[PDB]
């Protein structure tokens, strides 16, 4: 047991990512959340991680 807690919110976004690059993101976020001090990777954490690694997507209006 050396993995963080992953929520359906974060995984729902990760499920939109091809299986061969899922590990690239998931492992990176695992290290990211630990770095910031978050045991549970949520949608917010994944969001911050994504922006940190490369948040080039533009969808600021979700509502």
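Note that each Cβ is placed from the backbone with ideal geometry, even for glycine, and that neighbours are counted across all protein chains shown. Any read-out appearing in this document is the output of simple, stated calculations on the displayed coordinates, not a laboratory observation.
Of note:
- Rel. contact order, % - alpha carbon contacts under 8 angstrom, at least six apart, the chain: 40
- Treating r as the C-beta distance of residue 12 and residue 40 and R0 as 25 Å, the FRET efficiency rounds to 0.95.
- Diffusion constant of the chain at 4 °C, which comes from Stokes-Einstein with the Kirkwood Cα-pair radius and 1.567 mPa s, µm²/s: 108
- Cα long-axis angle, helix 19-36 against the chain (0 to 90 degrees, to the nearest 10): 70
- Put in order of Cβ neighbour count within 10 Å, fewest first, the listed residues 63, 58 become 63, 58.
- Per-pair calculated FRET efficiency, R0 = 35 Å: residue 5 and residue 58 via Cβ, rounded to 0.05: 0.75
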